[PDB]
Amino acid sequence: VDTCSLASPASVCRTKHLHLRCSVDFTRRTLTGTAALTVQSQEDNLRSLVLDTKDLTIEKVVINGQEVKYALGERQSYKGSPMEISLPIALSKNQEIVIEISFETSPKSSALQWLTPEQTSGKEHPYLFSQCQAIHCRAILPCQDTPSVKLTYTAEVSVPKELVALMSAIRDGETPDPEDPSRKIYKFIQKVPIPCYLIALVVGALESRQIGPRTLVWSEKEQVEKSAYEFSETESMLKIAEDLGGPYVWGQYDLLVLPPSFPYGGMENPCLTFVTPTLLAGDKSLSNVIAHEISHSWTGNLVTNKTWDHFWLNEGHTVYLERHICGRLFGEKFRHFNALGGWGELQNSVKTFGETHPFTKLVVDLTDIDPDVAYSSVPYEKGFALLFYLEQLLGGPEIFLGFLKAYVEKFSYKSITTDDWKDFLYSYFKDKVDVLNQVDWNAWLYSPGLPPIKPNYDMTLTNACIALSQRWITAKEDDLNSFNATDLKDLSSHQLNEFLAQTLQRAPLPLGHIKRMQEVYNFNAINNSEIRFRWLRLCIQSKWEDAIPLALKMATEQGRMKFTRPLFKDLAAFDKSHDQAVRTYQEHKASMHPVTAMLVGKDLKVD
């Protein structure tokens, strides 16, 4: 059972296909049109079914040429309102019908962000983007809003002729709109069955440049050149992902670089990965996020978590694969560097939540929890830590990668639970079931806090970061003169980032140490978003007032929640910046991404 969904379960009926015809109305900030659902009954004598909606206005429902009865139940908070449809003729098991729902979204759709022209790069045209994961697809169209159901889809999207629509699908043509010469209809086909959270739409003033044999980058004109360079490694990452996971089944691997309020670093929308523009560091240093998104083309998009309680299946497997691609490209010691850094991110998250907090369990029961509220690094990093532990336990990377490849072949086009995965792990490693029985399964999967066992990590690239950080923490005033620009001489951006992650773990530092750090390292000049983020955090937490406007500016000039949430929270806990933080949030709130707005508001304990 999917406790985040109010729709009929897959055991009652299944959506096989969606045909979406819609029009994007920037004047009303609505999307209007029809969702035609091809539904297969899984039950005998089926007379009604229930769908997910959230702030949709239903016009009518039509089956076999005629309108039918439907009722909207009461809203259940973030789950929205269930829509019961009365079927005109009872269905037999495996019978299929098409149900056509005429609907319109609200301007307040939690799946959508509408941007004015001044919120974009070109300043001439508005922009729309979606973000359905986890349970916002219902806020766009009526559906069984559960990753336990996979469907194909086709879509026809009408938009102002001077704009471009793109979706998570192969582009299937464009023509003028017959019903309105000021408009174009773009057509789309997704031939691979996907959970509905993978449904994606963007409409904006978009251009494209080709960067590999099966990759275009898309963005507003003024981002194209930079994006083309930043992601040039994409094809070669793809080939390595294909070697590890098996064939890329989706045809195209395009990239869309979004405006800065996109809430995530990336979203693995099939055929068209959405990325944050905070990735555009100038040096390709943040390309693990492409590897991450690429890896989802197997782990998540091919084998899918059955409910959001099993989200670690998606995330931990993708992080595991992400780190193998980066290890191939840049060496096994880099894989261990990033693995150990992820363990540190896990320490931070368990420390922030508290070591007995339910959101620190690998598998969580999301029954009355908004997935957006529960979201964090835990499923990523505790997930990854589990697989890195099993890897070392069961014979090393080459052996565990054979399991990952087999696990993907086994569960392609399906949705699975943690037990499905563990049963399969036991089948695959039949000859190592004694070794498997040494694992504390209950603790790893179901207990809060840090895992019961820590993997073994090569420290080679980490040591210089730890050494430098310890110099700064143990320094007294008479030691600050000895710090120098040359200290950073032999550190990559990655190591500079880890240096700051380490120091931030012991924050606050004395204010004089942080002022000195800016004197000798000029971290204020670094535009790498990861580095700048943790530097500004270290500053605000060490109570440097000069950093207030720098932190406020980063918090609001981009909306990647990874950065935006902890910057506002740090700004709010700093007494000197508190009132300004709360005030800046209130000013920007109405033009923020609706989910980021919600979560920052809760973080600040405002409204």
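Start at 1 with the first residue shown and count on from there.
190-198 and 442-450 differ in mean CA B-factor, and the higher of the two is recorded for 442-450.
Relative to its counterpart among 25-33 and 553-561, 25-33 has the higher mean temperature factor, C-alpha atoms as listed in the PDB entry. Comparing the C-alpha B-factors of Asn269, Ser349, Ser130, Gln470 in the entry, the top value falls on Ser349. Between the residues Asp145, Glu381, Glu220, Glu124, the entry's highest C-alpha temperature factor is the one at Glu124. When the CA B factors of the chain's modelled residues are split into thirds, the value for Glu179 lands in the highest one.
Sort the modelled residues of the chain by CA B factor and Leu18 lands in the lowest third.
Annotation for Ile97: C-alpha temperature factor in the highest third relative to the rest of the modelled chain, per the entry. Sorting the modelled residues of the chain by their CA temperature factor places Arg209 in the lowest third. The deposited CA B-factor of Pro358 belongs to the highest third of values across its chain.
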